[PDB]
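Asks: Have a look at this fold, sequence not included:
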C-alpha cells in the first residue's frame, strides 16, 4: 500500500538539492525511489522545491491535462526540476538515464480532500 499523494512524493519530489548537479543523479534517484523495480520507467521528473510550494500548485493556473481531464494545474512560477530519460543502451535491470536540469513551470494533476498532487503531467 501507499496513498496517491505519498507515491507522488516518492516519484516526483526531491527537495534536497537546488539542482541535480552532474550526470549521475537520474541513474541513482530512479533506483533509490523504486522507479526501476519491475521495468525501467522511461521518463520521470523530479521537482526541487518545497512540499508546500508544489502542493500550492493545486490552487494555481487550471489547465487541461494531456489525457483530457480538467484537474491539472500549472505553476505560476518556474521551479527547479530534473528530467530523467531512459537511454537507448539501457537494459533492465541496469537502467540508464540522461539527467537534464532545467527551470520550467510544472503541470500536476491534483485530487482528493485534501486536494493535493497525485500525477506529474508536464513541464513547460
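Replies: Arrived safely. Numbering: from 1, shown residues only.

Asks: in what helix or strand does the residue with the largest distance to the centre of the chain lie?
Replies: Seen from the C-alpha centroid of the chain, the residue lying at the greatest distance (C-alpha atoms, centre = their mean) is residue 89, 22.9 Å away. Under the assignment given by DSSP states H and E, residue 89 is not contained in any helix or strand.

Asks: Residue 114 now?
Replies: Under DSSP H and E, no helix or strand contains residue 114.

Asks: who's in contact with the residue farthest from the centre of the chain?
Replies: The neighbours of residue 89, taking C-beta atoms under 8 Å, 6 or more residues apart in numbering as the test, are residue 96. Placement of C-beta: from N, CA and C, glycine included.

Asks: Next, it: phi, psi?
Replies: Main-chain torsions, residue 89, degrees, to the nearest 10: phi -90, psi -10.

Asks: how close does it get to residue 97?
Replies: When C-beta to C-beta, to the nearest Å is the yardstick, residue 89 and residue 97 sit 11 Å from each other.

Asks: for residue 103, same thing?
Replies: The gap separating residue 103 from residue 97 is 20 Å, by C-beta to C-beta.

Asks: ok, the two, which is more surrounded?
Replies: Ranked by neighbour count (other C-beta atoms under 10 Å), residue 103 and residue 97 place residue 97 first, with 28 against 12.

Asks: Beta-bridge partners for that one, please?
Replies: The residues listed as beta-bridge partners of residue 97 by DSSP bridges are residue 86.
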